[PDB]
Each structure stands twice: as structure tokens, then as C-alpha cells.
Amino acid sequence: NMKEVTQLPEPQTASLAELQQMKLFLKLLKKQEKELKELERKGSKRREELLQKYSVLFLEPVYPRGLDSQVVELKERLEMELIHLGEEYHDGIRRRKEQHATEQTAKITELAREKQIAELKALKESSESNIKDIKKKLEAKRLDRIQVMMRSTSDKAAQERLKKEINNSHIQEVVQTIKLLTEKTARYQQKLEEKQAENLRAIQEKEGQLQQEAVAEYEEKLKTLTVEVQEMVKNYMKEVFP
């Protein structure tokens, strides 16, 4: 009934944006980017190491046979290893991105679960304080409805029938205001939990997109791989002979 009696903080939870802009999360992303740059360097060095390997083979003497163009053979073998490396390479990046997505969810889920505990605790404590300060205003009124009632009557019978009928109001309106306040605090805790559940769903939806972007890129790379290899092996050969 009384609105000043029931307060309770509004069902609020830090959003993704607020969480994604937090320090601990921002360093993870920078960490993750360093991990991707490393894989790229390692990949790049590996391609060179593979090419360097053939620079060696193409200089070794070949013993004669029919179809003795077993020099074109090596060419084909190199092309295939580059393809093999190309595959392995992009799959790795692919798996790494998917891992990053996992870590970002973990980190962000943690940072959110921390704030959420406070939100919930904050709510509960607000609920108790009200109760306490609601029972004080109610009992304080008790003494007053009595001090006054006495100040205006003297008949041990009727005088007391009221003291009895007044300690009856108290005992009754406290059970009342405590219920409604309880019921209410319960509406709030639930809104609060729901907001957090939604929050998680969005976190999970973001991961999905990241997983999805990791696979698209992966495909997008294998689309042109065989041809990028065709072209590089063509240039490579010119440097190996003419």
C-alpha cells in the first residue's frame, strides 16, 4: 500500500558494450590479436622454408629414364605441398579464432557474473533495510497510538481493551507490509535474473557470429588457394632456372 515503504533498486544489469569496454576484456582481445599475428609469421616462414627445401632439390642431379621430366614431377609435388600447407594454415587460424571466441565468452561471462552478484546482493540488502525501517515506523506508531489513547481515557477495562486492539493492528499491519514487500522484492529478483539470462544469450549469440566469421574466412581463403599456388609456383620456377 504505502509506496515509501517499498523501494528496491530497478532490475538493471551491465550490458555487453559496458562489459566489452572493460580493461580485462580489452587486454584479452589484444592478447588474441598477438596470437593471430604470430601464427601468420610462423605460416609465412613455413612457406619460405618449404620453398627453400625445393631450391635444394631442383639443384640435385637427376638420373635418366623415359618420361625423364621427373623435374616437372618435383614441380607438382611442390604445388601439392603448398596446397597442403595452405590448408593446414587457414584451418589453424580457423581453430584459433574459434578458441578466441570461447575465451571471450568465458572472460565476459566472468566479468558479468561478478557485477551480477553485487546487483543481487544490493537488492537483498535493500529489501531487509526497508523491512527494518518499516517495522520501526510501525512500532513507533504503536507507542504513540497508545500514549495518546491513554492521554484520553481512564477505565482499566476499556483503556486496556484498546491497548489490546492496538497491539493487534501492529501485529497485523507488519505481517501485511512485510508480505507485499516480500512479494515485490521477489518480482525484482526475477526481473534481475531474467535480464542476466538475456545478457548471457547475447554473449552466446556473439560467440556464434565469431564462430561463423571464422568459418567464412576459412572458406574465403580456400576459394583462391589452388590458384594463388599456381601463380606463385610459376614465378618460383623462373627464379629456380632461367
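A residue's number is simply how far along the shown sequence it sits, counting from 1.
task: Could you check which stretch, 38-46 or 22-30, carries the larger mean CA temperature factor in the entry?
output: Taking the mean B-factor of the alpha carbons in each, 22-30 is higher.
task: Select between 146-154 and 73-81 the stretch whose C-alpha atoms have the higher average B-factor in the entry.
output: Stretch with the greater average CA B-factor: 146-154.
- request: Determine which member of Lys107, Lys97, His90, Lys164 has the highest CA B-factor, using the values in the deposited entry.
  value: If I rank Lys107, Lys97, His90, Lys164 by C-alpha B-factor, first place goes to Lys164.
message: Highest recorded C-alpha temperature factor, please, choosing from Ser126, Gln116, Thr102, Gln172.
response: So the option with the highest C-alpha B-factor is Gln172.
- prompt: Against its chain's modelled residues, does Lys206's Cα B factor rank lowest, middle or highest third?
  reply: Within its chain, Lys206 is a lowest-third residue by C-alpha B-factor, going by the deposited values.
- prompt: C-alpha B factor of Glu60, ranked within the chain: lowest, middle or highest third?
  reply: CA B-factor rank for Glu60: middle third.
task: Would you mind ranking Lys53 by its C-alpha B-factor against the rest of the chain and naming the third, lowest, middle or highest?
output: It falls in the bottom third of the chain.
query: Based on the entry's values, in what third of the chain does the Cα temperature factor of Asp68 lie: lowest, middle or highest?
result: It belongs to the highest third of the chain when residues are ordered by C-alpha B-factor.
- prompt: Going by the entry, which third of its chain does the Cα temperature factor of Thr185 land in?
  reply: Its C-alpha B-factor, which the entry lists for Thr185, ranks in the middle third among residues of this chain.
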